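Below: one structure, written as structure tokens.
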Amino acid sequence: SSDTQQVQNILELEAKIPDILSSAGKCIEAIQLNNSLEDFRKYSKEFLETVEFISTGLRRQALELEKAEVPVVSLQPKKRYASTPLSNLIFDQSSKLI
Amino acid sequence: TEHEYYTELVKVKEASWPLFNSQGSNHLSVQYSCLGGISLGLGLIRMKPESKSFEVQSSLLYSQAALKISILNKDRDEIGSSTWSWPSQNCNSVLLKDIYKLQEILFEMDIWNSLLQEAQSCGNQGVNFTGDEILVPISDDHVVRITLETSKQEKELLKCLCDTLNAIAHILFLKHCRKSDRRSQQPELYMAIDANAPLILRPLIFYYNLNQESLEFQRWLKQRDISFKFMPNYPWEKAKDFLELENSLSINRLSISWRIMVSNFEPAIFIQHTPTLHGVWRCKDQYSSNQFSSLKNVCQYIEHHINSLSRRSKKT
Amino acid sequence: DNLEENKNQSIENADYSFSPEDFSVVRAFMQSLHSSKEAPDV
Amino acid sequence: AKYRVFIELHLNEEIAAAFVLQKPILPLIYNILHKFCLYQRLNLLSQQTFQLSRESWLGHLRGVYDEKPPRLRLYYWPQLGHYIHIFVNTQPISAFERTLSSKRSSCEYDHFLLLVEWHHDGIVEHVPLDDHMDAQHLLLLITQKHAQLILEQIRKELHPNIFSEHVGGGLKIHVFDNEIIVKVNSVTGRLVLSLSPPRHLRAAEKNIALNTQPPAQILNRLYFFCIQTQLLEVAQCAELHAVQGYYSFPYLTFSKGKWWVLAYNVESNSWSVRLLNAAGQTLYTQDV
Amino acid sequence: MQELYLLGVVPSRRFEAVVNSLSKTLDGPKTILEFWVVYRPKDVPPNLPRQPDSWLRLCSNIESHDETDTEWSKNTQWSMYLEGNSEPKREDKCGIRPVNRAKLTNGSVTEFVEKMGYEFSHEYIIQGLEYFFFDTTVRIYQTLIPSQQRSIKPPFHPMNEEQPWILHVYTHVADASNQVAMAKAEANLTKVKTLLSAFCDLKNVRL
Amino acid sequence: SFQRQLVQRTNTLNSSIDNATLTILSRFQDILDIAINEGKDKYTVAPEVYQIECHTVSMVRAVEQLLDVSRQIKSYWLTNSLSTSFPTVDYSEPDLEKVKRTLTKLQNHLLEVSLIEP
Numbered sequence: 015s016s017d018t019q020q021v022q023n024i025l026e027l028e029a030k031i032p033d034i035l036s037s038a039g040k041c042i043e044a045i046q047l048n049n050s051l052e053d054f055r056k057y058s059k060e061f062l063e064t065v066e067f068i069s070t071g072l073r074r075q076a077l078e079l080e081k082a083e084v085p086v087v088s089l090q091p092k093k094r095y096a097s098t099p100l101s102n103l104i105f106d107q108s109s110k111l112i
Numbered sequence: 200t201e202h203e204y205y206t207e208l209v210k211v212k213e214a215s216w217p218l219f220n221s222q223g224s225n226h227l228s229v230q231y232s233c234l235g236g237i238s239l240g241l242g243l244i245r246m247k248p249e250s251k252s253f254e255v256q257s258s259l260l261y262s263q264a265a266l267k268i269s270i271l272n273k274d275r276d277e278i279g280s281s282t283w284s285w286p287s288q289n290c291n292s293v294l295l296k297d298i299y300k301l302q303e304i305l306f307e308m309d310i311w312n313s314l315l316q317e318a319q320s321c322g323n324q325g326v327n328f329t330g331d332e333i334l335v336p337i338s339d340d341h342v343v344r345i346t347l348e349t350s376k377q378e379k380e381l382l383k384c385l386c387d388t389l390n391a392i393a394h395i396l397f398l399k400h401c402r403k404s405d406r407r408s409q410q411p412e413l414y415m416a417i418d419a420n421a422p423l424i425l426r427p428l429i430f431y432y433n434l435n436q437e438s439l440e441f442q443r444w445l446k447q448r449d450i451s452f453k454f455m456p457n458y459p460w461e462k463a464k465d466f467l468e469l470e471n472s473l474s475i476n477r478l479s480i481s482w483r484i485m486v487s488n489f490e491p492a493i494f495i496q497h498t499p500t501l502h503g508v509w510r511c512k513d514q515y516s517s518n519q520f521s522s523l524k525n526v527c528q529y530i531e532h533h534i535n536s537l538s539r540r541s542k543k544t
Numbered sequence: 163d164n165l166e178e179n180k181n182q183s184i185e186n187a188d189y190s191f192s193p194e195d196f197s198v199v200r201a202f203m204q205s206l207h208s209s210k211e212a213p214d215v
Numbered sequence: 234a235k236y237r238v239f240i241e242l243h244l245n246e247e248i249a250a251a252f253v254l255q256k257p258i259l260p261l262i263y264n265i266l267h268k269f270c271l272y273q274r275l276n277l278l279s280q281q282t283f284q285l286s287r288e289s290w291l292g293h294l295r296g297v298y299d300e301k302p303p304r305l306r307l308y309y310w311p312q313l325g326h327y328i329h330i331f332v333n334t335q336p337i338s339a340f341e342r343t344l345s346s347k348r349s350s351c352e353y354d355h356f357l358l359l360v361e362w363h364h365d366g367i368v369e370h371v372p373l374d375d376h377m378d379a380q381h382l383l384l385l386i387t388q389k390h391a392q393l394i395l396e397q398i399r400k401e402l403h404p405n406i407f408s409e410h411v412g413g414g415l416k417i418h419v420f421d422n423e424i425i426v427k428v429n430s431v432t433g434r435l436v437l438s444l445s446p447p448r449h450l451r452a453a454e455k456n457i458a459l460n461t462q463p464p465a466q467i468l469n470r471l472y473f474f475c476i477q478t479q480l481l482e483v484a485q486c487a488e489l490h491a492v493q494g495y496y497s498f499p500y501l502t503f504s505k506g507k508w516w517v518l519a520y521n522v523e524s525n526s527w528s529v530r531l532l533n534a535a536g537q538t539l540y541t542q543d544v
Numbered sequence: 001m002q003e004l005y006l007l008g009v010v011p012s013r014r015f016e017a018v019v020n021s022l023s024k025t026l027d028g029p030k031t032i033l034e035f036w037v038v039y040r041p042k043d044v045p046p047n048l049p050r051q052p053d054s055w056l057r058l059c060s061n062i063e064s065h066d067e068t069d070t071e072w073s074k075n076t077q078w079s080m081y082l083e084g085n086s087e088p089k090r091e092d093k094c095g096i097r098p099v100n101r102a103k104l105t106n107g108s109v110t111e112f113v114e115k116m117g118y119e120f121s122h123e124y125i126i127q128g129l130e131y132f133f134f135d136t137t138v139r140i141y142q143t144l145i146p147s148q149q150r151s152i153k154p155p156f157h158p159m160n161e162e163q164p165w166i167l168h169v170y171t172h173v174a175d176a177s178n179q180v181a182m183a184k185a186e187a188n189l190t191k192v193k194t195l196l197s198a199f200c201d202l203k204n205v206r207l
Numbered sequence: 005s006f007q008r009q010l011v012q013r014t015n016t017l018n019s020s021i022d023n024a025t026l027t028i029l030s031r032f033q034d035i036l037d038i039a040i041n042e043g044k045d046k047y048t049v050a051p052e053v054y055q056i057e058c059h060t061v062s063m064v065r066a067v068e069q070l071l072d073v074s075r076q077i078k079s080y081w082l083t084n085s086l087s088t089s090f091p092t093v094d095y096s097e098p099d100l101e102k103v104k105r106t107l108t109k110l111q112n113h114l115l116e117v118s119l120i121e122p
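Listed in order, the protein sequences are those of chains K, Q, F, N, R and V.
Sequential numbering from 15 applies to the first sequence in the entry's author numbering.
In case it helps, the entry's author numbering puts the second sequence at residues 200 to 350, 376 to 503, 508 to 544.
In case it helps, the entry's author numbering puts the third sequence at residues 163 to 166, 178 to 215.
In case it helps, the entry's author numbering puts the fourth sequence at residues 234 to 313, 325 to 438, 444 to 508, 516 to 544.
Sequential numbering from 1 applies to the fifth sequence in the entry's author numbering.
Sequential numbering from 5 applies to the sixth sequence in the entry's author numbering.
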């Protein structure tokens, strides 16, 4: 778990959310089309975990966002003047011209 | 739509690039000039459903740009030619290629800012600019004109000169980036004009007037055929890396001895030559030392010897 | 056009940079033109 | 393509508006077609000024654009300021009004122009415009005329003794020239001794930046001093030490060696001898 | 020379991130190593100010100089400081104290404090990095105890197992009388304060 | 202080999250209260329909709020500083020798060099 990896973990969370719609619409459908209280007991029993796991997953990922201690405000960059790769790059072209 | 995007951002962040949020546009954006140079640069990663693959918007003018330099003739017909170039990249994605062309464009815009800005101060060496071009009057009626890109053996030799003029300007440019570190170099400031000039181009002129003058002098001696011993000692004669060669170009005095040979009996007249970059012909004979400026005075000074010493030959 | 959350964060100086500015002043073109067409009437 | 869309709309509205009211009919579109391309002409200029602010050439440029009918306010270098205005304008003339027409020749257009004011001169000259034109070139022509007026002014402030060509105040000193072209943008004339100039730079340009004294008395000092720079190089043979133990009057006082003391001199310029201590026998000659 | 100091504790637990941050938003880093010495006045009766800051502080860059040498104690470059107390009830805005950067060059260096009658007192080694910002500059502290008195042989002794890194923003006013220069300086430090407050908590501290 | 900033920010995030989830679950939960049919007056049924649709829209909206949070968090994970400057084409490390011979030769172009000597 580092840098981008948590973001990828968030990708795992991403698939779950939209379905929460149809699942609810599935639950009602059990008392609707299926006309069955028991199957509604089932899918309603399933439906809540989509809520709980995602909610707790967010609260915990955010807690990770605090543990990482990434600053609340983006830093203003200095006008970077001479990272080495830029230097030996330009030098490389210099020899390339020579 | 979602998974397509932030994964691309992962593709860039994996390549280690700064990232920053924008205004209400809400897209994350690349600090494409991470290697830096002078000015900051940013670019939003615009979504491109039309091409699926993302493309980066930027305020930059020309899609392509480089610091072209060229040699005008007496009729200003072009002879030499050059254009700045970059080594090829091997990106896993088109977008990163766009980032590299982007950064190189910002870079060249900044180097143009440099030569244009110096072009103000260095005009007292005779540098000129109409704004759209930069005149550099020199010997044999020529102008080393310079312009940013919009939107038999002599040709090879001059092409090598173009390589020098083009590359070294960038090297010195990087040296200026090093000088932006703000050590505040007091002693040269009074040797300097106004004020924190890049000094990216002045030495380049300096070695040229040096070359032309020493050349003219040697031709002055050859015209009457007289022996002499030129004794160079360039700062760049000694370097173990480009970092030292970088410092080889400086405001330092450049002494040059000139043990001219005249009499087959009387001693050679030492002729020190020390052109300071800013802020020159010191004769020294059998009689006494002298300090000139114009080379012609040096010539007539020799003429006093070819005259009066000949009269000394006539004394007995 | 027609007419011309807390996401305030951005780099300070920005410049040199880019940021839309998706559109500007183009409305002011024609509208200055019609405000001016009525000018002789005024 | 948005321009091909949004523009046609309102114009097609007004074409109907011609029939909603009195008949004009066509020319009303024509006028609207100009100020459009004229107003953009300001933006395409005004925005460029900002490019000359945030980028080169940095400061001394901040022409604010205005929300009213458009109004630029370019500024310049500090000097105890100075500004240009630019506007569209309407100037009907009879000379075409009757001599033309009755043909494929419009009566009223009417009307559109491009003002270019040139203040702090009292001239307010209406300099010609002719595309291509940029935010730069205006400023260039303006600095040219303005600074050249400063050149001719100082030329009036210069001594009669030192004649100068109209080319740019390029005053002579036998024989070497001292061109004094004014620096573009910020002043302090970029004079060129003649290639690469010696220390007089700091004595001049940087000293001119000091702002103290008129840019003339200093130049007078330069004309006074450079001749000495020549003669001292010519002073090497025959040690004309130019001892100042006599007097610092303009006539000058060379000495002699290797030995009351005679005092060879030059001033007019002409050959001259004035042994003195005191002030003894004197006489003049004119060779070469 | 009225210095405008600032202070900022850095836990060592998070110290590297601060470095990676500052390097990407400031000039430098430039390497910092130095060997303080204090030589104590010893005179009675008062009025001797005999203040804890009144004790003199000679300073000497030692980094470029090689560790193996033992005669560095005089051969090395040296300087002298006073650093008076910060002005009273100075909060919010940075504290301000007088400072005087003396220098000297002779084979006789340390001896002079005895020539003033001063004798050896407490001493400590500093290590860290400096960061330029035009005029203003920020240096980060580590007050390592030397392995031996006047010895330059590593390891040097930490005050504790987890020594805080002592961040220190400062700038050097040429003279107190110029409220204009004071304004430019307070402005620059204000901008620095804003610049790095995002990942650190600087504050004025009395001295 | 540096701490309370991230802390309170975390408080904002948790607040928006709990509010969104509670919103969804509440709007769904009250539909069952609205679910009753028989025994109601014919007029009383009518508002309840609109209430159903509005509760549903409220649910989908809070669902949008969740993604709105997700984008925030993603933005926070990309606003952090890079560990290092990025690698590039360091390949073909440039020679120093040719540069010297070229500069020294061109500077000595048409010139009769005569060694050095002390």
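Quick reminder that beta carbons are idealized off the backbone N, C-alpha and C, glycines included.
Asked	Found
Starting from Q/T206, trace the beta strand (DSSP E) both ways and give me its first and last residue.	Element bounds for Q/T206: not the beta strand (DSSP E) but the alpha helix (DSSP H), 201-212.
For Q/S221, which residues of its own chain have a beta-carbon under 7 Å away from its beta-carbon, when the five flanking residues on both sides are left out?	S228, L243
Tell me, to the nearest whole angstrom, how far the beta carbon of K/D106 is from that of V/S5; I am working on the premise that it is less than 8 Å.	Their Cβ separation, rounded to whole angstroms, is 47 Å, which puts K/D106 and V/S5 out of contact at 8 Å.
Which class does R/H172 belong to by DSSP, given the choice of helix, strand or coil?	strand
Spatial neighbours of R/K153 within its chain, please: C-beta separation below 8 Å, excluding the five flanking residues on both sides.	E67, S147
Alpha carbon to alpha carbon, what distance is there between R/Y118 and R/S108?	15 Å
Using a C-beta cutoff of 7 Å, does Q/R406 count as contacting chain R?	yes
Considering only their Cβ atoms, is the gap separating F/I184 from Q/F306 smaller than 7 Å?	no
Determine which residues of the stretch 173-201 of chain R have a Cβ less than 9 Å from any Cβ of chain V, and write them out in chain order.	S197, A198, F199, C200, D201
Closer than 9 Å by beta-carbon distance: list the chain R residues that pair up with V/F6, in chain order.	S197, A198, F199, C200, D201
Do we get a CB-CB distance below 7 Å when we pair Q/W311 with the residues of chain V?	no
Just checking, does the stretch 332-348 of chain Q make contact with the stretch 266-284 of chain Q on the three C-beta pairs under 8 Å criterion?	yes
Below 8 Å between beta carbons is the criterion; list the residues of the stretch 16-42 of chain R that meet it against any residue of chain K, in chain order.	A17, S21, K24, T25, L26, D27
Classify Q/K512 as helix, strand or coil using the three-state DSSP reduction.	strand
By the three-class DSSP mapping on this structure, what secondary structure does V/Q69 have?	helix
Distance, Cα to Cα, F/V199 vs Q/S338?	52 Å
By the 9 Å beta-carbon criterion, what residues does the stretch 86-100 of chain V contribute toward chain R?	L86, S87, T88, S89
Nearest by alpha-carbon distance to R/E123: which of R/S60, R/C200, R/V19 is it?	R/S60
Looking at the secondary structure, which residues open and close the alpha helix (DSSP H) in which Q/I237 lies?	No alpha helix (DSSP H) holds Q/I237; DSSP gives it neither H nor E.
How is the beta strand (DSSP E) around N/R434 delimited, first residue to last?	434-437
Does V/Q76 get closer than 7 Å to chain K when you measure Cβ to Cβ?	no
Which residues share a DSSP beta bridge with R/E130?	R/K30, R/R139
Per DSSP, what are the beta-bridge partners of R/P98 in this structure?	R/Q2
Find the nearest neighbour of N/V522 within the set N/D354, N/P446, N/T538, judged by alpha-carbon distance.	N/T538
Would a check of beta-carbon distances place N/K389 closer than 7 Å to chain Q?	no
Quick one: which residues of the stretch 85-103 of chain K get their C-beta closer than 8 Å to a C-beta of chain F? List them in chain order.	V87, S88, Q90, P91
For the beta strand (DSSP E) that contains Q/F494, what are its first and last residues?	494-496
Check the Cβ of V/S118 against every Cβ in chain Q and list those closer than 7 Å, keeping chain order.	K453, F454, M455
Give the residues of chain R in contact with K/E83, contact being defined as C-beta atoms less than 8 Å apart.	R14, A17
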